[PDB]
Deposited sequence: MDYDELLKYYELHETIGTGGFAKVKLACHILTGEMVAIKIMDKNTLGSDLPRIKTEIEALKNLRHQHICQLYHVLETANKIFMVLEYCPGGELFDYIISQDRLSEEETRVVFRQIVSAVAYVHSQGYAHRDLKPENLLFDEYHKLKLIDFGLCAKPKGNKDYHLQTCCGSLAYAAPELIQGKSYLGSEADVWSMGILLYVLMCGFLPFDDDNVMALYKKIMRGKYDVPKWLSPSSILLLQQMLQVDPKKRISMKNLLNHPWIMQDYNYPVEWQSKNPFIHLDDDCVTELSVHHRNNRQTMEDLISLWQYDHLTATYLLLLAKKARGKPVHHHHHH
């Protein structure tokens, strides 16, 4: 009953992970691989309106460093979200496999995180759960931001001091702190604040003191100081991160945060390829795609666009 409608469009493969369950699947019409997030409506209970909030936010996010939503299917018992499959896995596992990244490789990945987070802020949202388990590598080894635990709104080791304390906060300021923890982990391969006891970890985060390894450059140390300020008002703004001297080193252009993935411009080749599968004319097809209902038509159009981009 629950998988019947989904199986009209996708061939299901194995479970990837569990939190929600995620399955690898293949979109039948295009042959493109997708990740399907499966949520039980009864299990969610009082949390169900929050899932509807995440979905509406993702529908408003379309960006080169954000995992793409293709299709939302709701049945009597489940909500299925069909998403971009990132075959490279988690940044969390990548850092561990490499031990730590050089300053140069850290900058390659950090500029992608900055691009995604600045865009999220430009759209009027805050992520609030930035961490390496929420950053995945796509087939081109580029990063895609996800939010697996429904924190984004219009994990303790990465949480800002004010967020933990239950004080009022600005999501953008909490994101900058979390980005500072990510910058440290990328270059060190361990957390700046860590403890086996939750209370002692809480004390360490509130204090804001951390070891500075000998391999960190003076410029890296300065950027870390600018992001990891216990006082949220003393933290660097996102605007100043885009063209920060450390960020610009070896690039000489600020982070390109604007989206390259449009809602308005339709790709003529993909509209043509999609139109052959429907009994309607081309203009009726274009009008329907432009409604962005996140039904099978939306999924087919976006997957054809991904298939085109590979070529």
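Residues 20-21, 157-169, 327-335 of the deposited sequence have no C-alpha coordinates in the model.
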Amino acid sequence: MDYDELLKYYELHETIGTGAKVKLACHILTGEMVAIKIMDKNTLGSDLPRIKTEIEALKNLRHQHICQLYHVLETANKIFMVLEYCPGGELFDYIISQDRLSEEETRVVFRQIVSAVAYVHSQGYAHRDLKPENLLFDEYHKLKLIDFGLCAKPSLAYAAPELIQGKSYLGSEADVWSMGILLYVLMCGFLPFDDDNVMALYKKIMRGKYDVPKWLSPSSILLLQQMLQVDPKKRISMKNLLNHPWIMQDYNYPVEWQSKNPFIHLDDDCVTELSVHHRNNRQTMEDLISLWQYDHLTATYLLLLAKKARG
From here on, numbers count along this sequence of modelled residues.
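For clarity, a rigid core is taken as the largest C-alpha set superposing within 1.5 Å between two forms.
For the pair 64-72 and 257-265, greater average C-alpha departure from the shown form in 6 other deposited structures of this protein after core alignment is found in 257-265. Taking 106-114 and 156-164 in turn, the stretch whose Cα atoms are more displaced from the shown form in 6 other deposited structures of this protein following rigid core superposition is 156-164. Residue 176 is built in all of the other entries compared, counting only those with both neighbours built, so it is not a gap in a third. Figure legend: residue 47 is marked as unmodelled in at least a third of the other comparable entries of the protein. Taking only CA atoms, the mean B-factor in the PDB entry is higher for 277-285 than for the other of 277-285 and 25-33. Higher mean CA temperature factor between 225-233 and 113-121: 225-233, per the PDB entry. Listed residues 134, 77, 178, 106 were ranked by CA B-factor as deposited; 77 comes out on top. Among all modelled residues in its chain, residue 65 ranks in the lowest third by Cα B-factor. Compared with the other modelled residues of the chain, the Cα B-factor recorded for residue 261 ranks in the highest third. Remark: residue 192 belongs to the lowest third of its chain, ranked by C-alpha B-factor as recorded. Among the modelled residues of the chain, residue 156 sits in the middle third by CA temperature factor in this PDB entry. In the PDB entry, a CA B factor belonging to the middle third of its chain's modelled residues is recorded for residue 9.
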